[PDB]
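[1] How does the following fold in three dimensions:
(chains A and B)
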Amino acid sequence: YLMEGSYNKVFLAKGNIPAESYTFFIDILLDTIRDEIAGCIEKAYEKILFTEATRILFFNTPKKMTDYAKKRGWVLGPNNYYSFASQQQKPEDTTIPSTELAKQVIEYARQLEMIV
Amino acid sequence: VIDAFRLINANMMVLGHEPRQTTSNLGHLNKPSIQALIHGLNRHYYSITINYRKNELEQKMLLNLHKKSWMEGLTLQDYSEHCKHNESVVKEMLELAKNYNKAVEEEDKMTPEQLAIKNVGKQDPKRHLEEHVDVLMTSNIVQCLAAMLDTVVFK
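    Numbering: from 1, shown residues only, chains lettered A, B, ... in the order given. Now the structure:
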């Protein structure tokens, strides 16, 4: 379940263990999974309702949502959150190739006209 | 072809003596041509060795021939005739490719003693395609590299 994105089954089974307590490790897994879900939500969204985060992340209304948002800064209130992405850094520049491609062509010429 | 000569007199030969007394072996390094022997030469005149004196100043000056200015090595040619030339070359490459296998198949159906004479009147793609490959590779590589560095030399 953890290898792919399915996360509901993880926390559902975390309250269902037939072997023994196992509570020393499920808490660490919960912390890591909550952190990575917080990391993932940061991408591909420019709008979300405040209660939707409380639904997705299993802390319901313990006042921990505002401190948790203090941990992961966020921007705005009005029951909404926003994110910004650029991703144009790699495009629109031909100077970065200009040297590695020159090296590649020099290598072609070097291994094309040497007597072996 | 430059030679140097001096004359001799026949009266001294009447005395049973020969001119140009020999003291070392550095005077007989070049054998004379048959046409020099046909004419007078040794029975009328003798040749002498020749040498050219060379110094560093004139030799260093003289090697400036055919040198080109720094402008000629940074021009990157028109981008319209280049594609025409590549298109022209590719078609003859295709035709030689089609003609290759015909000569490949019959390479051993005939005795090899006359194999060489079989290629005396008609062209062979194997020799006639390598030059195409070479010129094409050279032109493409140099044209790419020139623009490659020029994109950053200026601004």
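
[2] Get me the contact residues on chain A for chain B.
    Proximity of chain A to chain B (Cβ under 8 Å from any Cβ of the partner chain) is limited to residues A:94, A:95, A:98, A:99, A:101, A:102, A:105, A:106, A:108, A:109, A:112. Where C-beta positions appear, they are placed from N, C-alpha and C, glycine not excepted.

[3] Please name the nearest non-neighbouring residue to the first one.
    For residue A:94, ignoring the flanking residues on the chain, the nearest one in space by Cβ to Cβ, 6 or more residues apart in numbering or on different chains is residue B:151 at 6.5 Å.

[4] Downstream of the longest helix anywhere in chain A, the next helix or strand is which one?
    Using DSSP state H to define each element, chain A has its longest helix at helix A:23-41. Where DSSP states H and E defines the elements, the next helix or strand beyond helix A:23-41 is helix A:50-56.

[5] so what does that following helix touch, helix or strand wise?
    helix A:23-41, helix A:64-71 (3 or more Cβ pairs under 8 Å, 6 or more residues apart in numbering or on different chains; DSSP states H and E).

[6] I'd guessed residue B:126 sits against residue B:103; true?
    Yes. With contact defined as Cβ atoms under 8 Å, residue B:126 and residue B:103 form a contacting pair (7.4 Å).

[7] So for chain B, which residue is the most central one in space?
    By Cα atoms, centre = their mean, chain B has its centre lying nearest to residue B:66, at 16.9 Å.

[8] so that one, which of the three states?
    For residue B:66, the assignment made with DSSP: H, G, I helix; E, B strand; the rest coil gives coil.

[9] residues touching it, list them.
    Contacts for residue B:66 (Cβ atoms under 8 Å, 6 or more residues apart in numbering or on different chains) come out as none.

[10] Which parts of chain B are strands?
    With strands called from DSSP state E, chain B shows them at B:4-7, B:45-48.

[11] What is the neighbour count of the nearest residue to residue B:30 once chain neighbours are set aside?
    Excluding the flanking residues, the one nearest residue B:30 by Cβ to Cβ, 6+ apart is residue B:49, at 7.6 Å. Neighbour count of residue B:49, defined by other Cβ atoms under 10 Å in any protein chain shown: 11.

[12] do the one 10 residues further on as well
    Residue B:59: 9 surrounding residues under other Cβ under 10 Å.

[13] Look up how far residue B:86 lies from it.
    The gap separating residue B:59 from residue B:86 is 42 Å, by Cβ to Cβ, to the nearest Å.

[14] So which of the residues of chain A next to chain B is the closest to residue A:72?
    residue A:95 (35.7 Å; Cβ to Cβ).

[15] Can you point out the buried residues in stretch B:108-127?
    residue B:125 (16 or more other Cβ atoms under 10 Å in any protein chain shown).

[16] for the longest helix belonging to chain B, the distance to its chain's centre please.
    Of all segments of type helix in chain B, defined using DSSP H, the longest is helix B:125-153. Put simply, helix B:125-153 sits 23 Å off its chain's centre (Cα atoms, centre = their mean, to the nearest Å).
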